[PDB]
Amino acid sequence: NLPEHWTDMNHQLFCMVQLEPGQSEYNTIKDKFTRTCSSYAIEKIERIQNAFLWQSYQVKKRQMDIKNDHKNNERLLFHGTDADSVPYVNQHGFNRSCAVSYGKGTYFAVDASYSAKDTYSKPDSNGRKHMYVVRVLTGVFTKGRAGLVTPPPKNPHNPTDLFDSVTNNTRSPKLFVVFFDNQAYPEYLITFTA
Amino acid sequence: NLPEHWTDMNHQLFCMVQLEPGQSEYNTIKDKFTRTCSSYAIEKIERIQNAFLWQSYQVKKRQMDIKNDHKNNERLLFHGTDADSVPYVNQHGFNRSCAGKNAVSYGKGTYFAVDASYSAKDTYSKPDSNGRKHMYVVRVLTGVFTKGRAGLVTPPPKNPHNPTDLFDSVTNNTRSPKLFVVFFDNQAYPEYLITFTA
Ligand SMILES: COc1cc(OCc2cccc(Br)c2)ccc1C(N)=O
């Protein structure tokens with residue numbers, strides 16, 4: 001059950017589709033970025049069409065919607081990465097084994113400007129920076145802390161009923177950490193410069 | 001899409017079901033175990049009915065069946081753990097970030113043994129305060145595999161000029177494999193828990 005906006009893959013399971021500037025889908029993604037990164041130049045935006053990553057993500061979304069007895073489990077967040085990680089992420093998504101002050105998971109920023117720091121979106125030899133727009137199953141979240149290998153329990157009376165994610169700040173979060181494969185789908189890659 | 005031989009779970013998402021000696025289901029597991037741990041005795045065998053683990057596992061298996069086109073990608077393997085880990089494995093499965101370094105490391109992931117005897121060592125199936133040892137019987141998506149190396153955080157590429165097209169698992173020896181290591185969530189389904197004693 002692959003999404004409408006996806007374009008035809010001629011019976012293939014993975015492609016990167018460059019968005020046409022000026023069109024509905026490109027503008028939507030551009031505006032999410034420019035909210036905090038308007039001083040940056042966008043070279044291009046690619047839609048990640050990864051059927052396998054999508055199916056595994058969607059199964060986890062349906063599980064979490066049942067578990068939490070609501071939708072509102074999903075947020076659109078940013079992830080800056082070096083150019084040499086881009087192919088792996090395109091194919092395999094986010095892997096916690098590859099500063100973890102709020103725990104040993106994969107980090108995602110509320111604001112593109114946070115992910116646009118050179119420490120995350122490392123400029124390549126040409127000054128090209130890379131940032132993903134990511135669907136993340138943040139679900140029910142709590143404040144994290146160093147050393148977590150999974151999120152904490154909602155009640156230590158029930159040690160295996162866990163929060164879905166952890167944050168820096170529960171009232172006003174600026175980052176989310178997830179600890180399980182297939183809790184994040186890389187949806188768009190932004191290639192840009194300072 | 002839950003298997004039809006499972007107990008009705010009454011909209012419950014998780015259940016441990018105690019098997020009866022004399023059932024084929026019990027005897028096949030007991031024989032797979034006593035093959036290499038005839039010196040131990042089984043207290044009980046529980047089938048693990050975890051709907052979410054099952055669904056995510058079967059999705060990964062369908063993907064590996066399509067990707068590798070005509071394979072036996074699945075093996076039935078053993079995993080000894082301590083009693084404190086059993087609640088978490090039962091609900092959430094096998095988490096590489098919780099994994100013990102193995103005495104012979106072929107990568108930083110979750111280890112599964114071909115032989116019950118390996119998993120029966122106190123170093124994995126640690127006796128609890130009552131002398132109970134715990135070992136899972138696990139469907140593991142071993143797929144296409146190679147000899148691993150202590151440094152691995154993911155399985156290696158099949159081809160060094162295409163670094164993202166990976167082996168599915170690694171092993172100690174490709175000709176006589178006696179353990180497997182997997183580096184991803186939902187690549188292992190814990191099907192049965194054997195509680196045993198000396
Ligand atoms: C590892 O990568 C990141 C880490 C991020 O927070 C790391 C952090 C930890 C503790 C305090 C603060 Br303040 C920030 C945010 C975004 C990315 C990213 N790739 O976009």
Side-chain angles (χ1 to χ4, degrees), chain A residues 16 29-48 50 53 57 74-124 127-139 141-152 163-194, chain B residues 96-97 108 153-154 164 183 185:
Chain A
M16 304 294 282
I29 300 305
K30 190 204 228 263
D31 298 331
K32 278 204 164 74
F33 177 88
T34 50
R35 210 86 71 212
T36 63
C37 288
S38 67
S39 81
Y40 288 90
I42 295 188
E43 189 190 287
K44 45 165 187 170
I45 308 169
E46 294 167 276
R47 187 198 305 118
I48 301 91
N50 187 328
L53 274 187
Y57 178 80
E74 194 166 47
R75 277 161 207 270
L76 215 60
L77 304 174
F78 299 93
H79 186 90
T81 194
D82 73 316
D84 285 341
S85 298
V86 158
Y88 178 94
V89 168
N90 288 354
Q91 189 59 58
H92 296 298
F94 300 96
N95 183 340
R96 70 190 171 280
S97 335
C98 286
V100 293
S101 305
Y102 293 99
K104 301 186 189 200
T106 308
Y107 285 64
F108 297 97
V110 168
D111 297 322
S113 55
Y114 199 79
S115 293
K117 285 183 183 299
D118 283 352
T119 168
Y120 312 116
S121 45
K122 264 150 183 125
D124 78 10
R128 285 178 167 80
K129 299 173 54 78
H130 306 87
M131 170 188 315
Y132 290 87
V133 183
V134 190
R135 293 207 207 258
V136 178
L137 294 174
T138 49
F141 53 88
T142 199
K143 189 183 160 166
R145 60 180 207 265
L148 292 171
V149 286
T150 76
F163 289 100
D164 302 301
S165 68
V166 300
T167 189
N168 69 308
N169 187 286
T170 53
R171 201 188 62 83
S172 186
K174 285 306 191 176
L175 77 90
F176 293 87
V177 189
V178 286
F179 299 79
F180 296 106
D181 301 337
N182 301 129
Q183 218 170 317
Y185 183 77
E187 219 202 348
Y188 299 94
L189 180 65
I190 306 179
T191 308
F192 68 110
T193 70
Chain B
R96 60 189 178 282
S97 322
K108 301 165 202 213
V153 303
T154 71
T164 70
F183 303 83
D185 297 336

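Ligands are counted one by one from 1 in listed order, and the atoms in each one are counted from 1 as well. Numbered from 1 within each chain, the chains take letters A, B, ... in sequence-line order.
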>> Before you tell me yes or no, could you show the steps for A:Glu74 and A:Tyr185 under side-chain hydrogen bond (donor to acceptor under 3.5 Å, both in side chains), namely the whole-Å CA-CA distance, both residues' side-chain angles and the distance that decides it to 0.1 Å?
In response: CA-CA 10 Å; A:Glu74 194 166 47; A:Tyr185 183 77; over 6 Å; no

One line per pair, note the atom names and distance for all nitrogen or oxygen contacts under 3.5 Å between ligand 1 and the protein.
residue: ligand 1; atom: 19 (N); partner: A:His79; partner atom: ND1; Å: 3.4
residue: ligand 1; atom: 19 (N); partner: A:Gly80; partner atom: O; Å: 2.9
residue: ligand 1; atom: 20 (O); partner: A:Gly80; partner atom: N; Å: 3.0
residue: ligand 1; atom: 20 (O); partner: A:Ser115; partner atom: OG; Å: 2.8

>> Students often mix this up, so state it plainly: with edges at 30° and 60°, are the rings of A:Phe192 and A:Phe33 parallel, tilted or perpendicular?
In response: perpendicular

>> Just to verify, what does A:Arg128 make a side chain to side chain contact (heavy atoms under 4.5 Å, CB included) with, not counting sequence neighbours?
In response: A:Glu43, A:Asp124, A:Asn126, A:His130, A:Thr191

> Who pairs with A:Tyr102 by ring pair (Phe, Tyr, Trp, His ring centres under 6.0 Å), at least two apart in sequence or on another chain?
Replying inline: none

>> Suppose the criterion is side chain to side chain donor-acceptor pair (under 3.5 Å): which pairs have a residue in residues 169-180 of chain A, not counting sequence neighbours?
In response: A:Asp111-A:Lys174

> Between A:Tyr120, A:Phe176, A:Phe108, which is the residue that forms a ring pair (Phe, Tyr, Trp, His ring centres under 6.0 Å) with A:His79?
Replying inline: A:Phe108

